[PDB]
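First, one chain by itself: the form deposited in one PDB entry, in structure tokens.
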């Protein structure tokens, strides 16, 4: 069993060849059973197929365990056979492989995350954890999550795997349709940006499409990650012959694409549905011995939900309204667990032009940890947009970052060591970006004092390798309370000039009659100084219409 350092070393030296399909091979041998059941019922057939790929030149084979998790096996009455199904698979693959690499293969459960299905993050996590435990015990050289269709389920899988073993090489794949989107709406850039920063070793694509159609999708993925890359196309577009779906792309037509994947930085090439030992033999000849190509990723500041990637290259409206402060009806409905009221609020803000939603749960001691976990997982699917997680308890913060389906914005660390460190460390583990609020030991009054917090923040962020994952909040103070908003505008201009995104808690300025007018005037002024987002009320039609006018006037849209 090789660890991820050894596998990464090997990959850095040469492009490796994976294996082909298993189901279609088993069928040609007269076995139409659920593939995973053959590990118990006909281990000889599984061994023969592995050996046919080893003899065809594969450097890596996948264990016969695509469907071997409790949640998937339960659908076939096999839940109680998880342990022997998986141990047998690994032993059988190791027997075939000798010195070649054996990767534990895990596919998705077929269950959609709540609220599309019934399953919460923690249930998927435990499901994947149990299979990974068996595989690591049995001595796999790596774990590959093949054919995932949803980012929250894949996030659970990779986090569970890494929890079991910090040492195992981990590969995460999504499968994309012809429009370049997963089942729940994720495009390759979103997949790459969300997963590049998790502690996986490689990203990749398999299934759904043939080698030609995967090319531009793979290219997009390759542009946004510097990690190892893997591809396993189906053997062309499926056709039906005598009422069965067949993947008819022949070895040469398939193999001729290898150079194009090599040019995009591929590290491991194999095949999915319809790929046979004949294909792999040719791939072995065509690939040969190649050192992988170097690439440099494109870097952007973006946050995501399953279906939406929001890049801060334009003014971002962050809806403030899911926040029960001074909202008696929302507060009461949150305390009891009303989800529908939160969903309606989320959807209305989006309808009015919010691109990200801030989500805050008032007095957090009064709120059900499970309600939080539920709403966090739910809103990105139903409202379509990413969230700004506005959470104070470090503990609830962890639960929310875990269950968050995409790459979130995390609403706020002040410039304080203990606080920045805990929050940077959670975001490093679970993914995400951070709003850094420019205050600490005291609330600053002047531009100069804010500048000092900015530079102090930059120091801390540089030392934690986190400078590229922050937006700064200069700290809007109430007008009535000597807020000195000119000092905030000066700060916006300054940070903006340094290349960093900014945001404000806009409504805090006018905490007054005619607040809509103070908020509107400040936002216009802030945008003219470079303000790149704001946490604000999208239901304020004066504010939103004057915002649109401002962007039009300034040639931003």
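Between two forms, the rigid core is the largest collection of C-alphas that superpose within 1.5 Å. Numbering follows the first chain given and starts at 1.
Take 325 to 333 and 482 to 490, fit the other structures onto the shown form by the rigid core, and average the C-alpha distances in 7 other deposited structures of this protein: the farther stretch is 325 to 333.
With 373 to 381 and 237 to 245 as candidates, the stretch whose CA atoms show the greater average offset from this form in 7 other deposited structures of this protein after a core fit is 237 to 245. In terms of unmodelled positions of the deposited sequence, the stretch from residue 511 to residue 512 in this entry skips 1 to 3 residues. According to the PDB record, 369 to 377 carries the higher mean C-alpha B-factor of the two stretches 276 to 284 and 369 to 377. The PDB entry reports B-factors from which the mean C-alpha value can be compared for 442 to 450 and 263 to 271; the larger average falls on 442 to 450. Across 469, 399, 173, 129, the greatest Cα temperature factor reported in the deposited entry is at 399. Taking only the listed residues 143, 427, 154, 394, the entry reports the highest CA temperature factor at 394. Sort the chain's modelled residues by C-alpha temperature factor and residue 207 lands in the lowest third, per the entry. In the PDB entry, residue 335 places in the highest third of its chain by CA B-factor. Residue 59 sits in the lowest third of its chain by CA B factor, as recorded in the PDB entry. Sort the modelled residues of the chain by CA B factor and residue 121 lands in the lowest third.
Among the modelled residues of the chain, residue 50 sits in the lowest third by CA temperature factor in this PDB entry.
The discussion below concerns the form solved in complex with a small molecule, not included here.
Proximity to the small molecule in the deposited bound form, taken as heavy atoms within 4.5 Å, picks out 315 to 323 from the listed stretches 447 to 455, 196 to 204, 315 to 323, 347 to 355. Note on contacts: among 141, 150, 390, 187, the single residue with a heavy atom within 4.5 Å of the small molecule in the deposited bound form is 390. Among the residues 31, 511, 494, 518, the one placing a heavy atom within 4.5 Å of the small molecule in the deposited bound form is 511. The closest non-hydrogen atom of residue 411 lies within 4.5 Å of the small molecule in the deposited bound form. Taking non-hydrogen atoms only, residue 532 never approaches the small molecule to within 4.5 angstroms in the deposited bound form. Contact annotation for residue 87: none of its heavy atoms lies within 4.5 Å of the small molecule in the deposited bound form. Contact annotation for residue 327: at least one heavy atom lies within 4.5 Å of the small molecule in the deposited bound form.
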